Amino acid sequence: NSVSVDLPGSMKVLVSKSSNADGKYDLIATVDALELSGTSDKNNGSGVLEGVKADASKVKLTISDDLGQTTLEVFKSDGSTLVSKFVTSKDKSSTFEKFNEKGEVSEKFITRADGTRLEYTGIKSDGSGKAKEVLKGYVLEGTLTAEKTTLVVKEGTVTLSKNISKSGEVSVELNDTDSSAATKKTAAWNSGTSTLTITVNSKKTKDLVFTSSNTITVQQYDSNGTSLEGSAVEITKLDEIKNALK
């Protein structure tokens, strides 16, 4: 009769085993206790399913042609003003967006494949908002502008800024307002190694590596400031970032 097809986000869609006189396949799924239905000219479980809630809100599930992504939209009763959208990928990454009354994004929660999160709240029409990055062991706080996301850690007169572009590219900078050259921190970012090298009084002191696993490691230099010693150690809490900035 039907074939159950496994989709991202542990969702399932039933597809008819064979096509009708028009060559089309029937699709059925149950999402959040609502039965959705649709038809497709493909036999693999891809296509669009729709349902209508008790309250007249319209639900639409779109399964991409290669089954790599699901988009689950809830609309107002007009079928066009978004209330929410979940987009889930095969790799386990996802996005959840909430919309305001004009159907424009007001909150956006990104879950990466590794389970870390980037959370945008209080999003305004000017593109600004509040940002929080949820990592293994700790969270970073900052802001969103149209230009970029900037997460900030302050320690004494030092400010560490972790910038994330719209496409997820990380760059990091440091500024210290310390008026003494004996203690003022400066830093160089190397985009090629995702590493921030801190210097104090003309001696390199530490490398902070911002890894592809969304972690930070720290490693110290020798007293002459030209050779790394020991091994890189993973930072496990915000206070350990602050320690590296002292």
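From 1 onward, residues are counted along the sequence shown.
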Checklist entry - Which is higher on average in the deposited entry, the C-alpha temperature factors of 51 to 59 or of 34 to 42? => result 51 to 59
Checklist outcome for this item: Comparing mean C-alpha B factor in the record for 108 to 116 and 142 to 150, the higher one is 142 to 150
Checklist outcome for this item: When the entry's CA B-factors for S94, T159, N163, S77 are compared, the highest one belongs to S77
Checklist entry - Reading the B-factor column of the entry, which of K98, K132, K124, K136 has the highest value at its C-alpha atom? => result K124
Next on the checklist: Ranking every modelled residue in this chain by its Cα temperature factor as given in the entry, which third contains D26?
Outcome noted: middle
Checklist outcome for this item: By the entry's values, the third containing the CA B factor of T195 is the lowest
Checklist entry - Taking the entry's C-alpha B-factors for this chain, is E73 in the lowest, middle or highest third? => result lowest
Checklist outcome for this item: Binned into thirds over the chain's modelled residues, the C-alpha B-factor of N175 lands in the middle
Checklist entry - Mind checking which third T81 falls in for C-alpha B-factor across the chain? => result middle
